[PDB]
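*Asks:* Here it is, the structure in full.
FYI the Cβ positions are ideal-geometry reconstructions off the backbone, even for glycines, and counts take in every protein chain you see. Please treat every number below as a calculation from the coordinates, not as lab data.
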Amino acid sequence: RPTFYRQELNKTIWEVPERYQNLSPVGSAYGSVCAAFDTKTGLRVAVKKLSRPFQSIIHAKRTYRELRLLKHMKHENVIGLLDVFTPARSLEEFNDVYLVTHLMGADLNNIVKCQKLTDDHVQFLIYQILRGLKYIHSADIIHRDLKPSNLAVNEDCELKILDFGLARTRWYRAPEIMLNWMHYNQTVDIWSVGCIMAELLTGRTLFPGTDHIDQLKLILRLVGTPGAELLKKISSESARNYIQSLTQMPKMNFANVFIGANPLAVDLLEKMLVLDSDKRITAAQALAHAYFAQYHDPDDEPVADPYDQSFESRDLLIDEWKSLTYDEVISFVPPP
Ligand SMILES: COc1ccc(OC)c(CCC(=O)Nc2cc(-c3sc(NNc4ccccc4)nc3-c3ccc(F)cc3)ccn2)c1
Ligand SMILES: CCCCCCCCO[C@@H]1O[C@H](CO)[C@@H](O)[C@H](O)[C@H]1O
Ligand SMILES: CCCCCCCCO[C@@H]1O[C@H](CO)[C@@H](O)[C@H](O)[C@H]1O
Ligand SMILES: CCCCCCCCO[C@@H]1O[C@H](CO)[C@@H](O)[C@H](O)[C@H]1O
């Protein structure tokens, strides 16, 4: 229906509706990105042209997964889809997929710049992360790689959780992920929030490991070696015997680690940075914590519609994944 124009960008021919003006390259894995001006909405937007979206079953399923996820995320603190389009007029000529979202200019690293933030500022940032995480977790989604480069912040200081980094590490990963534990709790993301929050308060990386083993060494020095109740839950005979062969490190007193911080911030960090994932605070519980008193609104922390992820178990042909992807493009409804 819209009128499309062609322009060579990022060494390929882009073909976009005329509403998207002044395409300029932003960078080029999954695809190449341009910034543009959406004349229909007056928004600066980023347009991603997926690369080789249906070259293989793996590519095709990944394309479907990404479009399904972006179409489902409708929350102020999560990246959302402004538009998705293809120049194709039919399924038969469907080969290219373009995704459109708000143009973001800064991630959390750009806002922090290795500085201590004010406590009020930390409250506001962590509150928004937890608000978005409550939504994501309510859809039975685990982020699994939350970190400052995956958190965008606009000029109003509204934060959005991304599943990508902007155009130009393991320091924020939960310990069970670095041990390939599987059976991951949604609180692997809460661990990451604790690492981020600590960094916002101190201006320093909490666990700046040099490699995988160093990362775990640094974690255990803060939170201690596994206690008795955690050791009961370790089925791996190899993990058990190695853990008990280590000298016991006590859990440090967080009040004497984050000296000068808000005692409520310290209490919340103590509830996020627990080795046992079953004992970590959830996102919804964290939002009710006294630390966020000035921002918490129990009636404006919404949850997601149910999210059907049954396609993850399916082994389909390329043309089937492509057809399901085409259905999702055709059915897309722009947000208000
Ligand atoms: C024109 O003003 C700017 C001036 C300077 C400048 O820095 C060079 C930037 C860059 C800011 C930026 O990168 N902004 C941005 C990116 C995305 C991304 S980044 C990605 N993948 N990662 C990836 C891809 C290629 C290269 C590096 C990293 N995907 C999407 C994305 C995801 C879904 C969509 F629907 C659309 C785009 C989304 C929104 N804003 C801008
Ligand atoms: C001059 C720089 C680009 C300006 C905006 C082009 C906007 C296209 O906008 C679209 O144009 C279509 C054709 O008129 C109309 O049918 C649509 O209603 C209108 O939204
Ligand atoms: C768009 C929604 C962002 C918040 C939800 C992230 C949900 C988990 O999204 C993650 O995205 C990564 C992208 O490389 C994938 O590699 C991971 O497998 C996936 O779990
Ligand atoms: C030296 C061992 C260091 C890491 C101990 C990490 C314990 C994380 O916690 C564990 O996470 C598992 C996976 O979600 C859950 O199934 C367990 O019940 C939970 O206790």
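*Asks:* Need pairs with beta-carbon distance below 7 Å; first residue within 12 Å of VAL33 (Cβ to Cβ) and within segment 152-169, second β-branched (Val, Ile, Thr) and near ligand 1 (Cβ under 7 Å from one of its atoms); sequence gap 6+ or separate chains.
*Replies:* Filtered contacts from segment 152-169: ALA167/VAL26; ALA167/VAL33.
*Asks:* Of the residues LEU130, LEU70, only one is within 19 Å of the chain's Cα centre (by Cα) and either among the basic types (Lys, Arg) or under 30 Å from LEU317 (Cβ atoms) (or both); which?
*Replies:* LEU70
*Asks:* Follow-up. On the basis of being of a type in the set (D, E, K, R), more than 16 Å from ligand 3 (Cβ to nearest atom) and on the phi > 0 side of the Ramachandran plot, does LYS40 make the cut?
*Replies:* No; evaluated as a whole, the condition is false for this residue.
*Asks:* Any idea which of (1) buried (at least 18 other Cβ atoms within 10 Å of the Cβ); (2) touching a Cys at 6+ places or on another chain (Cβ under 6 Å) is the one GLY209 doesn't satisfy?
*Replies:* (2)
*Asks:* Then there's this: Give the residues of segment 265-289 that are touching a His at 6+ places or on another chain (Cβ under 7 Å) and either assigned to a loop (DSSP other than H, G, I, E, B) or under 19 Å from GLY203 (Cβ atoms) (or both), sorted by residue number.
*Replies:* Looking only at segment 265-289, we keep the residues that are touching a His at 6+ places or on another chain (Cβ under 7 Å), and these are 268, 283, 287-288.
Scanning segment 265-289 gives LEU268, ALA288.
*Asks:* A further question follows. Return the total of residues in segment 123-147 being within 16 Å of ligand 1 (Cβ to nearest atom) and among the polar types (S, T, N, Q).
*Replies:* Number satisfying all stated conditions: 0.
*Asks:* When the residues of segment 155-171 are filtered to those that are out of contact with any strand residue (DSSP E or B) (no Cβ under 8 Å at 6 or more places or on another chain) and not charged (D, E, K, R), which remaining residue is nearest to ligand 4 (Cβ to nearest atom)? Walk me through it before giving the result.
*Replies:* First, pick out the residues of segment 155-171 that are out of contact with any strand residue (DSSP E or B) (no Cβ under 8 Å at 6 or more places or on another chain): 155-158, 163-164, 169-171.
Remaining after also requiring not charged (D, E, K, R): 157, 164, 169, 171.
On the way: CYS157: 33, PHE164: 25, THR169: 19, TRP171: 16 Å.
Taking the candidates together, the pick is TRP171.
Here is a yes/no grid of residues against (1) within 10 Å of ligand 3 (Cβ to nearest atom); (2) within 20 Å of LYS113 (Cβ to Cβ); (3) in a helix (DSSP H, G or I):
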{"residue": "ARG144", "(1), (2), (3)": "yes, no, no"}
{"residue": "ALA152", "(1), (2), (3)": "no, yes, no"}
{"residue": "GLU155", "(1), (2), (3)": "no, yes, no"}
{"residue": "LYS160", "(1), (2), (3)": "yes, yes, no"}
{"residue": "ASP163", "(1), (2), (3)": "yes, no, no"}
{"residue": "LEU166", "(1), (2), (3)": "no, yes, no"}
{"residue": "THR169", "(1), (2), (3)": "no, yes, no"}
{"residue": "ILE177", "(1), (2), (3)": "no, no, yes"}
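*Asks:* Return a yes/no flag: does segment 14-31 have any residue that is more than 20 Å from the chain's Cα centre (by Cα) and within 30 Å of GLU301 (Cα to Cα).
*Replies:* No, segment 14-31 has no match at all.
*Asks:* Residues in segment 303-325: is at least one part of a loop (DSSP other than H, G, I, E, B) and within 22 Å of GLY194 (Cα to Cα)?
*Replies:* Checking segment 303-325: at least one residue is part of a loop (DSSP other than H, G, I, E, B) and within 22 Å of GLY194 (Cα to Cα).
*Asks:* Pairs only if they're at least six apart or on different chains, beta carbon under 6 angstrom, first in segment 57-74 and more than 14 Å from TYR30 (Cα to Cα) and away from ligand 4 (no atom under 16 Å from the Cβ), second in a helix (DSSP H, G or I) and of a type in the set (D, E, K, R); list them, first residue then second.
*Replies:* none
*Asks:* Is there a residue being over 26 Å from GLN309 (Cα atoms) and outside any strand (DSSP E or B) anywhere in segment 60-78?
*Replies:* No - not one qualifying residue is present in segment 60-78.
*Asks:* Next up: Return the residues of segment 31-59 that are surrounded by fewer than 18 Cβ atoms within 10 Å (Cβ to Cβ) and assigned to a loop (DSSP other than H, G, I, E, B); say none if nothing qualifies.
*Replies:* Passing the criteria: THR39, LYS40, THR41, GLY42, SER51, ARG52, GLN55, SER56.
*Asks:* In this structure, does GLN115 turn out to be touching a strand residue (DSSP E or B) at 6+ places or on another chain (Cβ under 6 Å) and either within 16 Å of ligand 4 (Cβ to nearest atom) or not aromatic (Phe, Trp, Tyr) (or both)?
*Replies:* No; evaluated as a whole, the condition is false for this residue.
*Asks:* Which pairs have Cβ atoms under 6 Å, sit 6 or more apart or on different chains, and link a residue in segment 263-279 that is within 18 Å of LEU133 (Cβ to Cβ) to one that is polar (S, T, N, Q) and surrounded by fewer than 21 Cβ atoms within 10 Å (Cβ to Cβ)?
*Replies:* Going by the 6 Å Cβ cut-off, the qualifying pairs are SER277/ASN185.
*Asks:* Among the numbered criteria (1) touching a helix residue (DSSP H, G or I) at 6+ places or on another chain (Cβ under 7 Å); (2) not in a helix (DSSP H, G or I), which one does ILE196 miss?
*Replies:* Result: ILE196 fails condition (2) only.
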